[PDB]
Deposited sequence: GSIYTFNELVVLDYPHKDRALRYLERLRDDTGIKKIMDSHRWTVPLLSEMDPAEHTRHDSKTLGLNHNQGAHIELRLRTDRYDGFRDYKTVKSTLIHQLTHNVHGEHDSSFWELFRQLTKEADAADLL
C-alpha cells in the first residue's frame, strides 16, 4: 500500500543493524500493515527514539518515534512491547488524550493487528 512507513531512521549506537531490522520488521508486520491500510494511515517517518515514554506521535502521524533500546550499548526492548507501543502511537492518530475513546480504539486496533 501507500499506507506504510515511507522512511526508516535509526541512531548511531552499537548494533544499529539490529535497530534497522527492528523497524523493518514492524513495517512488514502483517497486523501493522492491515491496520494502516484499513485506516488509511501513511507515516512519512518512523524513527528510533534515543535511549535514556516508549514512543511519540508528532502531528497525527507525520513522524512517529519508538524507543527500541533499554540502554546505549546492546539492551533492546522486546518486540511484543514495541509493537504494542507502535499501535499505541497509531491510536493517537485519532485520540490525542488517553481517554475512554482512546482505550476503545487501542483495544480495537490491537485486536485487528
{"property": "Unmodelled intervals of the deposited chain, in order", "result": "1, 54 to 61, 123 to 128"}
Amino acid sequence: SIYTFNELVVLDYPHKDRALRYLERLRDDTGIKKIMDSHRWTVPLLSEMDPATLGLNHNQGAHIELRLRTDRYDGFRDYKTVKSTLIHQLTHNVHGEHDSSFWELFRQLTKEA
From here on, numbers count along this sequence of modelled residues.
| item | value |
| --- | --- |
| 34 to 42 set against 70 to 78, stretch whose average Cα temperature factor tops the other in the entry | 70 to 78 |
| Between the two ranges 101 to 109 and 86 to 94, the one averaging a larger CA B factor in the entry | 101 to 109 |
| Residue 59 by Cα B-factor - lowest, middle or highest third of the modelled chain | middle |
